[PDB]
Amino acid sequence: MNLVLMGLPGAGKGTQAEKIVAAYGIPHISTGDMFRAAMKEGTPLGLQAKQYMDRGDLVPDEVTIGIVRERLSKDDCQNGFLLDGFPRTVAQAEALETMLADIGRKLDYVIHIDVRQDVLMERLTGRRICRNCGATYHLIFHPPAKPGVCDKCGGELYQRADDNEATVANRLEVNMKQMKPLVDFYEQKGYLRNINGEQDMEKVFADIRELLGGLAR
Ligand SMILES: Nc1ncnc2c1ncn2[C@@H]1O[C@H](COP(=O)(O)OP(=O)(O)OP(=O)(O)OP(=O)(O)OP(=O)(O)OC[C@H]2O[C@@H](n3cnc4c(N)ncnc43)[C@H](O)[C@@H]2O)[C@@H](O)[C@H]1O
Ligand SMILES: [Mn+2]
Ligand SMILES: [Zn+2]
């Protein structure tokens with residue numbers, strides 16, 4: 001099962017990816033997470049990606065495609081995989097097609113989680129993450145038991161660097177211009193499936209699981 005989760009910033013990609021991989025046991029490949037890992041390790045790519053991520057811009061295609069190509073060639077991707085946040089430009093999508101062909105694979109579905117921009121704004125500015133364990137909360141939609149305290153480990157909650165309103169507006173703008181044309185690109189290939197992301201988390205997952213069920217049928 002080869003899947004792509006596509007959505008504008010804050011659509012719920014990570015939230016759903018976690019539920020999907022827990023049910024199937026396939027790897028979760030997130031370009032955003034890979035860039036963050038490189039930043040922490042202090043690698044050349046991490047240092048370059050930091051400047052773009054801090055401003056809410058997209059990391060250049062050549063570099064992004066390169067890290068995905070290296071990740072997909074590993075044996076742990078034999079049973080399938082879930083790409084989260086890649087591709088996000090037409091160039092990345094064209095590259096993904098041949099990258100997959102070279103390893104004898106084809107995408108099954110490109111799941112587009114659709115959410116209105118005004119809602120996306122709120123999804124992101126109110127997000128709080130635990131500094132200790134990475135648990136995610138939301139001040140409006142899913143708050144912690146006690147303010148600024150993680151329910152799981154007691155850790156400090158904080159706001160991601162790129163989640164402030166000004167950076168979010170740039171993120172939504174650039175992703176809208178670059179990612180939206182992908183809806184047409186994948187509709188033409190027949191891989192595109194739309195999911196209404198403005199529903200409670202379990203219902204969004206149910207819609208997704210219903211779609212994935214057609215693969216066993
Ligand atoms: N391919 C690429 N090419 C070039 N550059 C790239 C790249 N990929 C990455 N990058 C670079 O790296 C950066 C970061 O990438 P990335 O980390 O991938 O950021 P993103 O795509 O903007 O999206 P988010 O992670 O912020 O949100 P999400 O959709 O996963 O939502 P979540 O599930 O947490 O949910 C968000 C919030 O909403 C809440 N929530 C989720 N679902 C619901 C729901 N149904 N109802 C209510 N609340 C919900 C959650 O609790 C949470 O608080 C990019 O800006 C760019 O610089
Ligand atoms: Mn994410
Ligand atoms: Zn925690």
# chains A, B, ... in the order shown; residues from 1 in each chain; ligands from 1
>>> select_by_dssp(residues="region 6-70 of chain A", states="strand (DSSP E)", output="VMD selection string")
chain A and resid 6 28 to 30
>>> residues_near_ligand(ligand="ligand 2", cutoff="7 Å", atoms="only C-alpha atoms and all ligand atoms", output="ChimeraX atom specification")
/A:13-14,32
>>> closest_atom_pairs(of="chain A", to="ligand 3", cutoff="9 Å", atoms="only C-alpha atoms and all ligand atoms", output="Markdown table")
| residue | atom | partner | partner_atom_place_in_ligand_line | distance |
| --- | --- | --- | --- | --- |
| A:129 | CA | ligand 3 | 1 (Zn) | 7.9 |
| A:130 | CA | ligand 3 | 1 (Zn) | 4.6 |
| A:131 | CA | ligand 3 | 1 (Zn) | 6.6 |
| A:132 | CA | ligand 3 | 1 (Zn) | 4.9 |
| A:133 | CA | ligand 3 | 1 (Zn) | 4.0 |
| A:134 | CA | ligand 3 | 1 (Zn) | 5.9 |
| A:135 | CA | ligand 3 | 1 (Zn) | 5.3 |
| A:136 | CA | ligand 3 | 1 (Zn) | 8.4 |
| A:149 | CA | ligand 3 | 1 (Zn) | 7.8 |
| A:150 | CA | ligand 3 | 1 (Zn) | 4.6 |
| A:151 | CA | ligand 3 | 1 (Zn) | 6.7 |
| A:152 | CA | ligand 3 | 1 (Zn) | 5.1 |
| A:153 | CA | ligand 3 | 1 (Zn) | 4.2 |
| A:154 | CA | ligand 3 | 1 (Zn) | 5.8 |
| A:155 | CA | ligand 3 | 1 (Zn) | 4.7 |
| A:156 | CA | ligand 3 | 1 (Zn) | 7.2 |
| A:157 | CA | ligand 3 | 1 (Zn) | 7.7 |
>>> write_last_selection(atoms="C-alpha atoms", output="CSV table (one decimal), in the first residue's frame")
chain,number,residue,atom,x,y,z
A,129,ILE,CA,3.4,20.8,21.7
A,130,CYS,CA,5.1,19.1,24.7
A,131,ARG,CA,8.8,20.0,24.9
A,132,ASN,CA,9.5,16.7,26.6
A,133,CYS,CA,7.5,14.0,24.8
A,134,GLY,CA,6.2,15.7,21.6
A,135,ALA,CA,2.5,15.2,22.6
A,136,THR,CA,0.3,17.6,20.6
A,149,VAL,CA,1.3,21.3,31.2
A,150,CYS,CA,1.5,18.0,29.2
A,151,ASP,CA,-1.1,15.5,30.4
A,152,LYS,CA,1.2,12.6,29.6
A,153,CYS,CA,4.6,13.6,31.2
A,154,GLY,CA,4.0,16.8,33.0
A,155,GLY,CA,6.3,18.6,30.5
A,156,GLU,CA,6.2,22.2,29.4
A,157,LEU,CA,4.0,23.0,26.3
>>> residues_near_ligand(ligand="ligand 1", cutoff="7 Å", atoms="only C-alpha atoms and all ligand atoms", output="compact mmCIF listing (two decimals) with N, CA and C atoms, in the first residue's frame")
# COMPACT_ATOMS: atom_id res chain seq x y z
N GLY A 7 -2.23 17.97 2.06
CA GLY A 7 -3.09 18.95 2.68
C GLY A 7 -2.34 20.23 2.97
N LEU A 8 -3.06 21.34 3.08
CA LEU A 8 -2.43 22.61 3.40
C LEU A 8 -2.07 22.50 4.87
N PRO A 9 -1.11 23.32 5.30
CA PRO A 9 -0.64 23.36 6.68
C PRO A 9 -1.79 23.39 7.69
N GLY A 10 -1.74 22.48 8.65
CA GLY A 10 -2.78 22.42 9.68
C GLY A 10 -4.01 21.59 9.34
N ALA A 11 -4.03 20.99 8.15
CA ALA A 11 -5.17 20.17 7.73
C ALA A 11 -5.40 18.91 8.58
N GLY A 12 -4.36 18.44 9.28
CA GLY A 12 -4.48 17.24 10.09
C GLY A 12 -3.68 16.06 9.56
N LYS A 13 -2.69 16.32 8.71
CA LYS A 13 -1.86 15.26 8.12
C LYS A 13 -1.17 14.36 9.15
N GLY A 14 -0.46 14.95 10.10
CA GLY A 14 0.23 14.17 11.11
C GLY A 14 -0.72 13.41 12.01
N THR A 15 -1.82 14.06 12.39
CA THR A 15 -2.83 13.46 13.26
C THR A 15 -3.37 12.17 12.63
N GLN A 16 -3.72 12.24 11.36
CA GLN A 16 -4.24 11.07 10.66
C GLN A 16 -3.17 10.04 10.32
N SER A 30 7.63 11.65 6.74
CA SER A 30 7.24 13.06 6.77
C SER A 30 8.46 13.91 6.46
N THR A 31 8.40 14.68 5.37
CA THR A 31 9.51 15.56 4.99
C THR A 31 9.75 16.62 6.06
N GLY A 32 8.67 17.16 6.62
CA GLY A 32 8.80 18.17 7.68
C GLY A 32 9.55 17.61 8.87
N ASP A 33 9.22 16.38 9.27
CA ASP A 33 9.88 15.73 10.40
C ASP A 33 11.34 15.44 10.10
N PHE A 35 13.31 17.10 8.04
CA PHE A 35 14.02 18.39 8.07
C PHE A 35 14.29 18.80 9.52
N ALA A 49 17.69 23.95 5.55
CA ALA A 49 16.23 23.87 5.72
C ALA A 49 15.70 24.81 6.79
N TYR A 52 14.43 28.35 5.58
CA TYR A 52 13.15 28.31 4.85
C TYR A 52 11.99 28.02 5.80
N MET A 53 12.19 27.02 6.65
CA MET A 53 11.17 26.62 7.62
C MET A 53 10.83 27.76 8.58
N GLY A 56 8.60 30.06 6.82
CA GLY A 56 7.38 29.46 6.31
C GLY A 56 7.43 29.20 4.81
N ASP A 57 8.62 29.28 4.23
CA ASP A 57 8.81 29.01 2.81
C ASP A 57 9.05 27.52 2.62
N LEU A 58 8.97 27.08 1.38
CA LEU A 58 9.23 25.69 1.05
C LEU A 58 10.74 25.51 0.82
N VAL A 59 11.27 24.37 1.23
CA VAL A 59 12.68 24.04 0.99
C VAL A 59 12.75 23.74 -0.52
N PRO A 60 13.84 24.13 -1.22
CA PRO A 60 13.93 23.86 -2.67
C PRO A 60 13.64 22.41 -3.07
N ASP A 61 13.15 22.23 -4.29
CA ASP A 61 12.80 20.89 -4.76
C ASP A 61 13.93 19.87 -4.83
N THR A 64 14.83 18.46 -1.43
CA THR A 64 13.72 17.72 -0.85
C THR A 64 13.54 16.37 -1.52
N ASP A 84 3.91 11.85 3.98
CA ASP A 84 3.17 12.91 4.64
C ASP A 84 3.84 14.24 4.34
N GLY A 85 3.18 15.06 3.54
CA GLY A 85 3.76 16.35 3.21
C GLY A 85 4.63 16.37 1.98
N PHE A 86 4.72 15.23 1.29
CA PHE A 86 5.47 15.13 0.04
C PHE A 86 4.64 14.23 -0.87
N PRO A 87 4.44 14.63 -2.13
CA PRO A 87 4.96 15.86 -2.74
C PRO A 87 4.14 17.12 -2.43
N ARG A 88 4.73 18.29 -2.61
CA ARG A 88 3.96 19.51 -2.43
C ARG A 88 4.14 20.55 -3.53
N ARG A 123 -6.25 26.23 13.45
CA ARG A 123 -5.63 24.93 13.70
C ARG A 123 -4.16 25.12 14.10
N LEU A 124 -3.45 25.97 13.36
CA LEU A 124 -2.03 26.20 13.63
C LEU A 124 -1.64 27.16 14.75
N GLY A 126 -3.18 27.90 17.45
CA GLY A 126 -3.55 27.40 18.76
C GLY A 126 -2.90 26.07 19.11
N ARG A 127 -2.07 25.54 18.21
CA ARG A 127 -1.38 24.28 18.48
C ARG A 127 -0.28 24.48 19.53
N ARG A 128 -0.18 23.56 20.48
CA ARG A 128 0.88 23.58 21.51
C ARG A 128 1.45 22.15 21.55
N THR A 136 0.93 16.45 21.20
CA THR A 136 0.29 17.64 20.62
C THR A 136 -1.07 17.95 21.24
N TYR A 137 -1.31 19.23 21.47
CA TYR A 137 -2.55 19.73 22.03
C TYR A 137 -3.01 20.91 21.19
N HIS A 138 -4.20 21.38 21.51
CA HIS A 138 -4.73 22.53 20.82
C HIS A 138 -5.55 23.31 21.83
N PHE A 141 -9.41 23.42 20.25
CA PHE A 141 -10.00 22.12 19.96
C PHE A 141 -9.70 20.92 20.82
N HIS A 142 -8.57 20.92 21.51
CA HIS A 142 -8.17 19.77 22.33
C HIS A 142 -7.10 20.23 23.33
N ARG A 171 2.89 30.59 5.15
CA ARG A 171 2.82 29.14 4.91
C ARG A 171 1.60 28.77 4.09
N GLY A 197 -11.73 17.38 5.82
CA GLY A 197 -10.99 17.47 7.07
C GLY A 197 -11.61 18.29 8.20
N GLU A 198 -12.77 18.89 7.95
CA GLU A 198 -13.45 19.71 8.96
C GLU A 198 -14.50 18.88 9.70
N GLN A 199 -14.03 17.79 10.30
CA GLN A 199 -14.88 16.86 11.05
C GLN A 199 -14.04 16.49 12.25
N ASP A 200 -14.64 15.81 13.21
CA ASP A 200 -13.90 15.41 14.38
C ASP A 200 -12.88 14.39 13.90
N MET A 201 -11.80 14.28 14.65
CA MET A 201 -10.68 13.39 14.31
C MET A 201 -11.03 11.95 14.00
N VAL A 204 -12.84 11.72 10.63
CA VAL A 204 -11.95 11.90 9.49
C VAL A 204 -11.26 10.55 9.26
>>> residues_around(residues="residue 121 (chain A)", least_positions_apart="5", cutoff="8 Å", atoms="only C-alpha atoms", output="JSON, numbers by chain")
{"A": [10, 165, 168, 169]}
>>> write_last_selection(atoms="C-alpha atoms", output="JSON list (two decimals), in the first residue's frame")
[["chain", "number", "residue", "atom", "x", "y", "z"],
["A", 10, "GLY", "CA", -2.78, 22.42, 9.68],
["A", 165, "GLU", "CA", 0.18, 34.13, 12.89],
["A", 168, "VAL", "CA", 1.29, 30.87, 9.20],
["A", 169, "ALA", "CA", -0.13, 33.38, 6.68]]
>>> closest_residue(among="A:47, A:83, A:172, A:93", to="residue 116 (chain A)", atoms="only C-alpha atoms")
A:172
>>> atom_distance(atom1="CA of residue 145 (chain A)", atom2="CA of residue 206 (chain A)")
26.3 Å
>>> atom_distance(atom1="CA of residue 212 (chain A)", atom2="CA of residue 18 (chain A)")
14.9 Å
>>> select_by_dssp(residues="region 2-210 of chain A", states="helix (DSSP H, G or I)", output="MDAnalysis selection string")
chainID A and resid 13:24 31:41 44:55 61:72 75:77 90:101 117:125 161:163 165:179 181:189 201:210
>>> closest_residue(among="A:45, A:120, A:54, A:214", to="residue 173 (chain A)", atoms="only C-alpha atoms")
A:120
>>> residues_around(residues="residue 96 (chain A)", least_positions_apart="6", cutoff="10 Å", atoms="only C-alpha atoms", output="PyMOL selection string")
chain A and resi 65+68-69+86-87+90+102+106-107
>>> write_last_selection(atoms="N, CA, C and O atoms", output="compact mmCIF listing (two decimals), in the first residue's frame")
# COMPACT_ATOMS: atom_id res chain seq x y z
N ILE A 65 13.61 16.37 -2.85
CA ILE A 65 13.48 15.16 -3.64
C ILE A 65 14.60 14.18 -3.31
O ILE A 65 14.38 12.97 -3.19
N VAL A 68 13.97 12.26 0.00
CA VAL A 68 12.87 11.31 -0.12
C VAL A 68 13.33 10.08 -0.90
O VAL A 68 13.00 8.94 -0.53
N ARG A 69 14.12 10.31 -1.94
CA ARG A 69 14.64 9.22 -2.77
C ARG A 69 15.48 8.27 -1.93
O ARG A 69 15.33 7.05 -2.06
N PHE A 86 4.72 15.23 1.29
CA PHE A 86 5.47 15.13 0.04
C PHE A 86 4.64 14.23 -0.87
O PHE A 86 4.11 13.20 -0.43
N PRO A 87 4.44 14.63 -2.13
CA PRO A 87 4.96 15.86 -2.74
C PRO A 87 4.14 17.12 -2.43
O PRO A 87 3.00 17.03 -1.96
N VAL A 90 4.51 20.50 -8.14
CA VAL A 90 4.38 19.68 -9.33
C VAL A 90 5.68 18.98 -9.66
O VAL A 90 5.67 17.82 -10.06
N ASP A 102 11.30 3.37 -10.57
CA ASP A 102 12.64 2.77 -10.43
C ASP A 102 12.71 1.67 -9.39
O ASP A 102 13.64 0.87 -9.41
N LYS A 106 3.97 1.90 -7.63
CA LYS A 106 3.04 2.92 -8.13
C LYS A 106 2.20 3.35 -6.94
O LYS A 106 1.95 2.56 -6.03
N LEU A 107 1.76 4.60 -6.92
CA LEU A 107 0.92 5.08 -5.82
C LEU A 107 -0.46 4.46 -5.95
O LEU A 107 -0.96 4.26 -7.05
>>> atom_distance(atom1="CA of residue 115 (chain A)", atom2="CA of residue 143 (chain A)")
20.6 Å
>>> decode(residues="region 190-209 of chain A", atoms="N, CA and C atoms", output="JSON list (two decimals), in the first residue's frame")
[["chain", "number", "residue", "atom", "x", "y", "z"],
["A", 190, "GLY", "N", -6.00, 9.61, -11.69],
["A", 190, "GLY", "CA", -6.99, 8.77, -11.05],
["A", 190, "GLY", "C", -6.65, 8.39, -9.63],
["A", 191, "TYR", "N", -5.55, 8.90, -9.08],
["A", 191, "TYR", "CA", -5.15, 8.56, -7.71],
["A", 191, "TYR", "C", -5.83, 9.42, -6.65],
["A", 192, "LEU", "N", -6.27, 10.61, -7.04],
["A", 192, "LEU", "CA", -6.88, 11.53, -6.08],
["A", 192, "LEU", "C", -8.20, 11.12, -5.41],
["A", 193, "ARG", "N", -8.25, 11.29, -4.08],
["A", 193, "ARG", "CA", -9.44, 11.02, -3.26],
["A", 193, "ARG", "C", -9.51, 12.18, -2.26],
["A", 194, "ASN", "N", -10.67, 12.82, -2.19],
["A", 194, "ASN", "CA", -10.89, 13.95, -1.30],
["A", 194, "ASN", "C", -11.53, 13.52, 0.01],
["A", 195, "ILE", "N", -11.05, 14.08, 1.11],
["A", 195, "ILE", "CA", -11.56, 13.79, 2.44],
["A", 195, "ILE", "C", -11.91, 15.14, 3.07],
["A", 196, "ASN", "N", -13.09, 15.24, 3.67],
["A", 196, "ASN", "CA", -13.46, 16.48, 4.34],
["A", 196, "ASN", "C", -12.72, 16.50, 5.68],
["A", 197, "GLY", "N", -11.73, 17.38, 5.82],
["A", 197, "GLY", "CA", -10.99, 17.47, 7.07],
["A", 197, "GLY", "C", -11.61, 18.29, 8.20],
["A", 198, "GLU", "N", -12.77, 18.89, 7.95],
["A", 198, "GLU", "CA", -13.45, 19.71, 8.96],
["A", 198, "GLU", "C", -14.50, 18.88, 9.70],
["A", 199, "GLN", "N", -14.03, 17.79, 10.30],
["A", 199, "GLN", "CA", -14.88, 16.86, 11.05],
["A", 199, "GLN", "C", -14.04, 16.49, 12.25],
["A", 200, "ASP", "N", -14.64, 15.81, 13.21],
["A", 200, "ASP", "CA", -13.90, 15.41, 14.38],
["A", 200, "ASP", "C", -12.88, 14.39, 13.90],
["A", 201, "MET", "N", -11.80, 14.28, 14.65],
["A", 201, "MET", "CA", -10.68, 13.39, 14.31],
["A", 201, "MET", "C", -11.03, 11.95, 14.00],
["A", 202, "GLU", "N", -11.91, 11.35, 14.80],
["A", 202, "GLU", "CA", -12.31, 9.96, 14.58],
["A", 202, "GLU", "C", -13.11, 9.77, 13.30],
["A", 203, "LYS", "N", -13.94, 10.76, 12.98],
["A", 203, "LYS", "CA", -14.75, 10.71, 11.77],
["A", 203, "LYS", "C", -13.87, 10.87, 10.53],
["A", 204, "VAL", "N", -12.84, 11.72, 10.63],
["A", 204, "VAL", "CA", -11.95, 11.90, 9.49],
["A", 204, "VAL", "C", -11.26, 10.55, 9.26],
["A", 205, "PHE", "N", -10.84, 9.91, 10.35],
["A", 205, "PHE", "CA", -10.16, 8.62, 10.25],
["A", 205, "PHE", "C", -11.09, 7.56, 9.69],
["A", 206, "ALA", "N", -12.36, 7.57, 10.11],
["A", 206, "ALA", "CA", -13.33, 6.61, 9.62],
["A", 206, "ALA", "C", -13.48, 6.75, 8.10],
["A", 207, "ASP", "N", -13.56, 7.99, 7.61],
["A", 207, "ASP", "CA", -13.68, 8.22, 6.17],
["A", 207, "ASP", "C", -12.47, 7.68, 5.44],
["A", 208, "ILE", "N", -11.30, 7.86, 6.04],
["A", 208, "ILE", "CA", -10.07, 7.39, 5.43],
["A", 208, "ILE", "C", -10.02, 5.87, 5.42],
["A", 209, "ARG", "N", -10.34, 5.26, 6.56],
["A", 209, "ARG", "CA", -10.32, 3.81, 6.70],
["A", 209, "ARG", "C", -11.32, 3.14, 5.74]]
